[PDB]
């Protein structure tokens with residue numbers, strides 16, 4: 348080569364990254380406009396003021412093995428999503444209800460999970476008025492990034508990100524922090540708690556309540572999978588108001604009184620559930636899920652407080668659409684009504 352090899356030639360693995368074909372470099376250009384880097388900043392901003400932490404910088408490099416207009420989205424090196432985005436063009440998408448068609452390569456685009464037609468620039472006002480939603484091309488990439496962050500936010504929330512958060516908390520209630528870590532709770536434990544929380548879509552903007560609650564219970568208990576369940580109940584009014592806004596009815600999914608004990612039994616001296624139960628749940632569970640999807644009701648299962656740690660650990664890795672709550676985490680001022688059940692069909 349021209350210049351001698353130095354340690355600066357060691358590229359470390361990026362927490363969150365992106366690779367881009369040459370036809371897309373113009374929208375990821377530092378020097379030129381950067382039509383996309385604007386949209387990425389707005390995602391990282393609107394994520395911290397919303398989910399309570401700053402996602403890690405998106406390291407974008409180009410890679411010439413890719414098609415001209417293809418992007419890969421990477422996490423810690425592994426590709427976690429990819430798609431095609433064409434700069435001169437726009438995208439037209441039916442929300443499921445519009446009528447008409449249009450000229451183009453019909454593609455079930457990966458960013459939205461809907462069917463949609465890439466169209467050229469001038470058909471805009473017509474596509475909007477036939478019933479379509481018309482987006483720019485950077486917006487396609489950006490929207491695709493945004494789903495991937497809010498689906499991997501548990502694994503993007505690394506220990507280095509937890510310390511960085513602890514330092515933002517520590518400048519607005521320094522009392523709280525000075526003696527909770529590494530005093531009563533080790534940063535390992537705190538991180539395992541906030542990660543278990545981000546994992547089930549539970550916002551952690553209320554550090555005031557999470558540290559107050561830990562500092563109360565940490566001396567007499569230090570299993571994260573146990574403190575997690577107790578921070579959850581501290582956040583009950585906030586979790587309730589997440590999936591059930593207003594003070595109207597609470598149309599939940601529940602499980603059967605016998606099935607409850609069936610599992611409650613398998614809990615005590617069991618190291619895990621047995622194979623037979625397994626496949627019955629997921630079918631019987633997806634059964635009740637499909638009813639609520641027609642009725643207009645949310646996908647929330649409401650279980651006994653000792654069953655939630657493990658129905659969510661078991662069901663969610665198949666149907667991550669599913670929210671698994673606890674009767675102890677709902678507000679009392681709320682009217683319940685189990686409008687779908689998990690029993691003998």
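In the deposited numbering, the protein residues as written are 348 to 692. From the three backbone atoms N, C-alpha and C, an ideal C-beta is built for every residue, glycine too.
| Item | Value |
| --- | --- |
| Using 8 angstroms as the cut-off, can you tell me whether the segment 389–402 makes contact with the segment 415–426, which would need three or more C-beta pairs spanning the two stretches below that distance? | no |
| Residue 453 bridges to which residues according to DSSP? | 464 |
| On the premise that residue 434 lies in contact with residue 368, defined as a C-beta separation below 8 angstroms, what is that separation, rounded to the nearest angstrom? | Not a contact, Cβ separation roughly 11 angstroms. |
| Could you check how far apart the C-beta atoms of residue 646 and residue 668 are, in whole angstroms? I think they sit under 8 angstroms. | 5 angstroms |
| Can you have a look at residue 692 and say buried or exposed, based on whether 16 or more other CB atoms are within 10 angstroms of its CB? | exposed |
| Using the beta-carbon count (16 or more within 10 Å), is residue 354 buried or exposed? | exposed |
| Using the three-state DSSP reduction, which class does residue 554 fall into: helix, strand or coil? | helix |
| If you scan the segment 642–677 from start to end, which runs of the beta strand (DSSP E) of 3 or more residues do you find wholly inside it? | 647–650, 670–673 |
| Pick from 665, 586, 535, 455: whose alpha carbon is nearest that of residue 678? | 586 |
| Can you give the Cα-Cα distance for residue 486 and residue 374, rounded to whole angstroms? | 11 angstroms |
| Looking at the unbroken beta strand (DSSP E) that takes in residue 370, where does it start and where does it end? | Per DSSP, residue 370 belongs to no beta strand (DSSP E) and is neither H nor E. |
| So, is residue 543 buried or exposed, given that buried needs 16 or more other C-beta atoms within 10 angstroms? | buried |
| Within 10 Å of its beta-carbon, does residue 349 have 16 or more other beta-carbons around it, so buried, or fewer, so exposed? | exposed |
| Would you check if the distance between the CB atom of residue 472 and the CB atom of residue 436 is smaller than 8 angstroms? | no |
| If we ignore side chains and look at the alpha-carbon of each, how far apart do residue 407 and residue 383 end up? | 11 angstroms |
| Would residue 560 and residue 578 qualify as a contact pair, given that the criterion is a beta-carbon distance under 8 angstroms? | yes |
| Any idea if residue 343 is buried or exposed, counting beta-carbon neighbours within 10 angstroms, 16 or more meaning buried? | Residue 343 lies beyond the range of the chain shown here (348 to 692); nothing can be said about it. |
| For residue 408, which of helix, strand or coil comes out of DSSP? | strand |
| By DSSP's criteria, residue 364 is part of a beta bridge. Which residues make up the other side? | 406, 421 |
| Mapping DSSP to helix, strand and coil, what is residue 439? | strand |
| Which stretch, first to last residue, makes up the beta strand (DSSP E) that contains residue 599? | 597–602 |
| Assuming residue 405 and residue 365 make a contact with CB atoms under 8 angstroms, what is their CB distance in whole Å? | 6 angstroms |
| Starting from residue 688, follow its DSSP beta bridges and name the residues at the other end. | 601 |
| Could you compute how far the alpha carbon of residue 584 sits from the alpha carbon of residue 676? | 8 angstroms |
| Could you give the residue range of the alpha helix (DSSP H) that holds residue 575? | 571–581 |
| Rounded to whole angstroms, how far is the Cβ of residue 594 from the Cβ of residue 674, which I believe are closer than 8 angstroms? | No, residue 594 and residue 674 are not in contact; Cβ-Cβ is about 18 angstroms, not under 8 angstroms. |
| Which residues in the same chain have their Cβ closer than 6 angstroms to the Cβ of residue 456, if we skip the five residues on either side of it in sequence? | 463 |
| CB residue 655 to CB residue 672, shorter than 8 angstroms? | yes |
| Look up residue 385 in the DSSP assignment and say whether it is helix, strand or coil. | helix |
| Please state the DSSP three-state secondary structure of residue 353. | coil |
| With 16 as the cutoff for other CB atoms within 10 Å, does residue 509 come out buried or exposed? | buried |
| Where residue 693 and residue 638 are concerned, what is the direct C-alpha to C-alpha distance, given to the nearest angstrom? | Nothing can be reported for residue 693: it is not among the residues displayed for the chain, which extend from 348 to 692. |
| Report buried or exposed for residue 554, applying the criterion of at least 16 other Cβ atoms within 10 angstroms of its Cβ. | buried |
| Note the first and the last residue of the continuous alpha helix (DSSP H) segment covering residue 535. | 534–546 |
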